[PDB]
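This report concerns only the one structure given below.
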Amino acid sequence: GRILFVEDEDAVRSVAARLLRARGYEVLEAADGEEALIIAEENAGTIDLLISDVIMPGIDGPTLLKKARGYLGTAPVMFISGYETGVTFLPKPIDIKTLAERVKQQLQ
């Protein structure tokens, strides 16, 4: 499954991305919404899931969704934070077992 994972905190993003790759997903990482929007455009219609932090330097995750939803098609979207159809919310700190369960549910 091709996941676009948008998270400004490098160590949080990298852990989650590596653990998702260990489960067989392709994970395209972005550190901000402006990078994510370019990735979404260049991969339009091939992304299966967007996972995004809510509050990030630059545009927030929900604004990214508004800009990127067309490139994402019907892909589900999962927002994450320590604080439109197919939109879910997972609190931080992220538990990998729960993250993997939710990714699987949204993709199946």
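We label chains A, B, ... in the order they appear in the structure tokens, count residues from 1 in each chain, and number ligands from 1 in the order shown.
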Wanna dump the segment 39-69 of chain A-segment 90-100 of chain A contacts at 12 Å for me, each residue with its shortest atom pair and the distance in Å to one decimal, counting only C-alpha atoms, ordered by chain and number, as a tab-separated table?
residue	atom	partner	partner_atom	distance
A:51	CA	A:90	CA	9.6
A:52	CA	A:90	CA	10.0
A:53	CA	A:92	CA	9.3
A:54	CA	A:91	CA	10.4
A:55	CA	A:92	CA	12.0
Could you write those residues out with N, CA, C and O atoms, as an mmCIF file, in the first residue's frame?
data_model
loop_
_atom_site.group_PDB
_atom_site.id
_atom_site.type_symbol
_atom_site.label_atom_id
_atom_site.label_comp_id
_atom_site.auth_asym_id
_atom_site.auth_seq_id
_atom_site.Cartn_x
_atom_site.Cartn_y
_atom_site.Cartn_z
ATOM 1 N N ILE A 51 -1.422 10.044 5.725
ATOM 2 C CA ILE A 51 -1.316 10.211 7.171
ATOM 3 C C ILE A 51 -0.639 11.551 7.373
ATOM 4 O O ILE A 51 0.433 11.778 6.800
ATOM 5 N N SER A 52 -1.254 12.472 8.118
ATOM 6 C CA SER A 52 -0.652 13.783 8.285
ATOM 7 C C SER A 52 -0.795 14.273 9.700
ATOM 8 O O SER A 52 -1.868 14.157 10.312
ATOM 9 N N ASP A 53 0.269 14.879 10.217
ATOM 10 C CA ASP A 53 0.180 15.699 11.417
ATOM 11 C C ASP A 53 -0.756 16.870 11.155
ATOM 12 O O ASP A 53 -0.947 17.298 10.014
ATOM 13 N N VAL A 54 -1.397 17.348 12.211
ATOM 14 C CA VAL A 54 -2.322 18.478 12.097
ATOM 15 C C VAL A 54 -1.571 19.798 12.084
ATOM 16 O O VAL A 54 -1.739 20.604 11.156
ATOM 17 N N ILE A 55 -0.769 20.048 13.107
ATOM 18 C CA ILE A 55 -0.082 21.328 13.260
ATOM 19 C C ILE A 55 1.371 21.120 12.843
ATOM 20 O O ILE A 55 2.063 20.238 13.384
#
Tell me which protein, DNA and RNA residues are within 8 Å of residue 48 of chain A, counting only C-alpha atoms, leaving out same-chain ones fewer than 6 positions away, and put them as a PDB file with C-alpha atoms, in the first residue's frame.
ATOM      1  CA  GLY A   1       0.000   0.000   0.000  1.00  0.00           C
ATOM      2  CA  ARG A   2       1.396   3.445  -0.897  1.00  0.00           C
ATOM      3  CA  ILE A   3       1.197   5.801   2.111  1.00  0.00           C
ATOM      4  CA  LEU A  72      -5.626  11.816  -3.569  1.00  0.00           C
ATOM      5  CA  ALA A  75      -7.852   7.708  -0.620  1.00  0.00           C
ATOM      6  CA  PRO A  76      -8.581   7.725   3.125  1.00  0.00           C
ATOM      7  CA  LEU A 107      -7.007   0.130   3.399  1.00  0.00           C
TER       8      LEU A 107
END
Neighbour list for residue 58 of chain A as a VMD selection string, cut-off 10 Å, only C-alpha atoms, skip fewer than 4 positions in-chain = chain A and resid 8 31 to 34 63 to 64
Resulting file, chosen residues, N, CA, C and O atoms, as an mmCIF file, in the first residue's frame:
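Saved to out.cif:
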data_model
loop_
_atom_site.group_PDB
_atom_site.id
_atom_site.type_symbol
_atom_site.label_atom_id
_atom_site.label_comp_id
_atom_site.auth_asym_id
_atom_site.auth_seq_id
_atom_site.Cartn_x
_atom_site.Cartn_y
_atom_site.Cartn_z
ATOM 1 N N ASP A 8 6.385 16.779 10.511
ATOM 2 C CA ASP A 8 7.568 17.631 10.585
ATOM 3 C C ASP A 8 8.616 17.106 11.547
ATOM 4 O O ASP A 8 9.796 17.483 11.427
ATOM 5 N N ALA A 31 7.983 16.381 5.132
ATOM 6 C CA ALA A 31 8.137 17.093 6.382
ATOM 7 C C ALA A 31 7.209 18.289 6.491
ATOM 8 O O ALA A 31 7.151 18.904 7.556
ATOM 9 N N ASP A 32 6.491 18.629 5.435
ATOM 10 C CA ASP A 32 5.588 19.770 5.491
ATOM 11 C C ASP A 32 4.578 19.644 4.365
ATOM 12 O O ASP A 32 4.693 18.790 3.474
ATOM 13 N N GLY A 33 3.559 20.496 4.427
ATOM 14 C CA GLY A 33 2.479 20.401 3.468
ATOM 15 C C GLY A 33 2.861 20.783 2.071
ATOM 16 O O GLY A 33 2.344 20.230 1.109
ATOM 17 N N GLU A 34 3.756 21.744 1.935
ATOM 18 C CA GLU A 34 4.167 22.152 0.611
ATOM 19 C C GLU A 34 4.891 20.992 -0.130
ATOM 20 O O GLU A 34 4.623 20.712 -1.309
ATOM 21 N N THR A 63 -5.633 21.856 5.894
ATOM 22 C CA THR A 63 -5.438 22.684 4.704
ATOM 23 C C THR A 63 -4.741 21.916 3.593
ATOM 24 O O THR A 63 -5.117 22.041 2.414
ATOM 25 N N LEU A 64 -3.722 21.135 3.946
ATOM 26 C CA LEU A 64 -3.111 20.239 2.976
ATOM 27 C C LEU A 64 -4.165 19.345 2.347
ATOM 28 O O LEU A 64 -4.184 19.181 1.122
#
All alpha helix (DSSP H) positions in chain A, as an MDAnalysis selection string = chainID A and resid 10:21 33:42 61:72 96:107
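Coordinates place atom CA of residue 105 of chain A at a distance of 16.6 Å from atom CA of residue 5 of chain A.
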Atomic distance atom CA of residue 35 of chain A - atom CA of residue 108 of chain A, expressed in Å with one decimal =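 Separation between atom CA of residue 35 of chain A and atom CA of residue 108 of chain A: 27.3 Å.
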Considering only C-alpha atoms, state which residue in the set A:68, A:11, A:28, A:78 is at the smallest distance from residue 104 of chain A.
-> A:78
Return as a PyMOL selection string the full set of residues in chain A whose backbone-based DSSP assignment is strand (DSSP E).
-> chain A and resi 2-6+26-30+49-53+77-81+87-91
Excluding residue 14 of chain A and residues on its chain fewer than 3 positions from it, collect all residues at most 12 Å away from it, counting only C-alpha atoms, and give them as a ChimeraX atom specification.
-> /A:5-11,17-21,27-31
Resulting file, chosen residues, N, CA, C and O atoms, as an mmCIF file, in the first residue's frame:
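See out_11.cif below for the written result:
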data_model
loop_
_atom_site.group_PDB
_atom_site.id
_atom_site.type_symbol
_atom_site.label_atom_id
_atom_site.label_comp_id
_atom_site.auth_asym_id
_atom_site.auth_seq_id
_atom_site.Cartn_x
_atom_site.Cartn_y
_atom_site.Cartn_z
ATOM 1 N N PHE A 5 3.089 10.057 4.145
ATOM 2 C CA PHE A 5 3.184 10.279 5.590
ATOM 3 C C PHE A 5 3.830 11.639 5.788
ATOM 4 O O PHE A 5 5.017 11.819 5.469
ATOM 5 N N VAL A 6 3.068 12.590 6.308
ATOM 6 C CA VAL A 6 3.473 13.983 6.442
ATOM 7 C C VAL A 6 3.610 14.296 7.922
ATOM 8 O O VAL A 6 2.629 14.249 8.672
ATOM 9 N N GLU A 7 4.830 14.607 8.365
ATOM 10 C CA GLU A 7 5.114 14.838 9.778
ATOM 11 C C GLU A 7 6.417 15.625 9.830
ATOM 12 O O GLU A 7 7.425 15.206 9.264
ATOM 13 N N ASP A 8 6.385 16.779 10.511
ATOM 14 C CA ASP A 8 7.568 17.631 10.585
ATOM 15 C C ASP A 8 8.616 17.106 11.547
ATOM 16 O O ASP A 8 9.796 17.483 11.427
ATOM 17 N N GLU A 9 8.219 16.349 12.573
ATOM 18 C CA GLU A 9 9.169 15.857 13.552
ATOM 19 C C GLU A 9 9.864 14.632 12.979
ATOM 20 O O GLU A 9 9.269 13.552 12.865
ATOM 21 N N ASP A 10 11.133 14.803 12.620
ATOM 22 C CA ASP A 10 11.835 13.788 11.848
ATOM 23 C C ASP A 10 11.856 12.431 12.544
ATOM 24 O O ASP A 10 11.646 11.406 11.910
ATOM 25 N N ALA A 11 12.197 12.398 13.832
ATOM 26 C CA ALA A 11 12.335 11.111 14.506
ATOM 27 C C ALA A 11 10.991 10.387 14.632
ATOM 28 O O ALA A 11 10.936 9.164 14.518
ATOM 29 N N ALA A 17 7.504 5.500 9.700
ATOM 30 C CA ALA A 17 7.707 5.105 8.301
ATOM 31 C C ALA A 17 8.450 3.770 8.222
ATOM 32 O O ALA A 17 8.101 2.884 7.436
ATOM 33 N N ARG A 18 9.537 3.629 8.991
ATOM 34 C CA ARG A 18 10.320 2.394 8.961
ATOM 35 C C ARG A 18 9.499 1.204 9.447
ATOM 36 O O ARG A 18 9.601 0.098 8.902
ATOM 37 N N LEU A 19 8.677 1.408 10.486
ATOM 38 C CA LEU A 19 7.863 0.313 10.992
ATOM 39 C C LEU A 19 6.763 -0.060 10.026
ATOM 40 O O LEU A 19 6.419 -1.247 9.910
ATOM 41 N N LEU A 20 6.240 0.921 9.271
ATOM 42 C CA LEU A 20 5.253 0.599 8.253
ATOM 43 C C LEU A 20 5.923 -0.112 7.067
ATOM 44 O O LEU A 20 5.359 -1.056 6.490
ATOM 45 N N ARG A 21 7.126 0.323 6.678
ATOM 46 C CA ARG A 21 7.837 -0.394 5.604
ATOM 47 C C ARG A 21 8.111 -1.848 5.983
ATOM 48 O O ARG A 21 8.118 -2.737 5.117
ATOM 49 N N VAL A 27 6.245 3.875 1.802
ATOM 50 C CA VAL A 27 5.957 5.091 2.559
ATOM 51 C C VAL A 27 6.722 6.239 1.937
ATOM 52 O O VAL A 27 7.968 6.240 1.959
ATOM 53 N N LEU A 28 5.972 7.230 1.433
ATOM 54 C CA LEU A 28 6.548 8.444 0.891
ATOM 55 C C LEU A 28 6.491 9.468 2.011
ATOM 56 O O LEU A 28 5.405 9.851 2.468
ATOM 57 N N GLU A 29 7.625 9.946 2.434
ATOM 58 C CA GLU A 29 7.694 10.849 3.580
ATOM 59 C C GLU A 29 7.727 12.302 3.135
ATOM 60 O O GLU A 29 8.408 12.635 2.144
ATOM 61 N N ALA A 30 7.079 13.161 3.905
ATOM 62 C CA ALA A 30 7.156 14.596 3.686
ATOM 63 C C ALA A 30 7.260 15.258 5.053
ATOM 64 O O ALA A 30 6.657 14.788 6.023
ATOM 65 N N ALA A 31 7.983 16.381 5.132
ATOM 66 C CA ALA A 31 8.137 17.093 6.382
ATOM 67 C C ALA A 31 7.209 18.289 6.491
ATOM 68 O O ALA A 31 7.151 18.904 7.556
#
Work out how far apart atom CA of residue 49 of chain A and atom CA of residue 77 of chain A are and give it in Å to one decimal.
->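 So the answer is 5.8 Å.
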Distance query residue 67 of chain A at most 12 Å, only C-alpha atoms, self and fewer than 4 positions along chain excluded, as a PyMOL selection string = chain A and resi 33-34+36-38+40-41+59-63+71-73
Dump N, CA, C and O atoms for the selected residues as a compact mmCIF listing (two decimals), in the first residue's frame?
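The resulting file, out-v6.txt, is reproduced below:
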# COMPACT_ATOMS: atom_id res chain seq x y z
N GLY A 33 3.56 20.50 4.43
CA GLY A 33 2.48 20.40 3.47
C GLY A 33 2.86 20.78 2.07
O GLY A 33 2.34 20.23 1.11
N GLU A 34 3.76 21.74 1.93
CA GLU A 34 4.17 22.15 0.61
C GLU A 34 4.89 20.99 -0.13
O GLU A 34 4.62 20.71 -1.31
N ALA A 36 4.43 17.78 0.66
CA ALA A 36 3.40 16.77 0.48
C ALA A 36 2.55 17.05 -0.75
O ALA A 36 2.13 16.12 -1.44
N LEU A 37 2.22 18.32 -0.99
CA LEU A 37 1.37 18.65 -2.13
C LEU A 37 2.06 18.29 -3.44
O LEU A 37 1.42 17.81 -4.37
N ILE A 38 3.37 18.51 -3.54
CA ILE A 38 4.10 18.13 -4.75
C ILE A 38 4.14 16.62 -4.89
O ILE A 38 3.92 16.08 -5.98
N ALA A 40 1.95 14.50 -3.73
CA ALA A 40 0.59 14.06 -4.09
C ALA A 40 0.32 14.29 -5.57
O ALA A 40 -0.22 13.41 -6.25
N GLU A 41 0.71 15.46 -6.09
CA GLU A 41 0.48 15.73 -7.50
C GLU A 41 1.23 14.74 -8.37
O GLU A 41 0.68 14.22 -9.35
N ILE A 59 1.49 25.18 6.14
CA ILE A 59 0.06 24.87 6.21
C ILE A 59 -0.22 23.69 7.14
O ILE A 59 0.55 22.73 7.25
N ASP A 60 -1.36 23.76 7.80
CA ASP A 60 -1.81 22.65 8.65
C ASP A 60 -2.27 21.47 7.80
O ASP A 60 -2.55 21.59 6.60
N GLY A 61 -2.38 20.29 8.44
CA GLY A 61 -2.82 19.08 7.77
C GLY A 61 -4.17 19.20 7.09
O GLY A 61 -4.34 18.81 5.93
N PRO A 62 -5.19 19.76 7.77
CA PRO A 62 -6.50 19.90 7.10
C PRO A 62 -6.46 20.81 5.87
O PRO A 62 -7.13 20.53 4.86
N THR A 63 -5.63 21.86 5.89
CA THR A 63 -5.44 22.68 4.70
C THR A 63 -4.74 21.92 3.59
O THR A 63 -5.12 22.04 2.41
N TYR A 71 -5.83 15.24 -5.91
CA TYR A 71 -4.77 14.31 -6.32
C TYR A 71 -4.91 12.98 -5.61
O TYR A 71 -4.51 11.94 -6.14
N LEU A 72 -5.44 13.02 -4.37
CA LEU A 72 -5.63 11.82 -3.57
C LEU A 72 -6.83 10.99 -4.01
O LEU A 72 -6.91 9.81 -3.66
N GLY A 73 -7.78 11.57 -4.73
CA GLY A 73 -8.94 10.80 -5.13
C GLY A 73 -9.73 10.42 -3.89
O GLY A 73 -9.94 11.25 -3.01
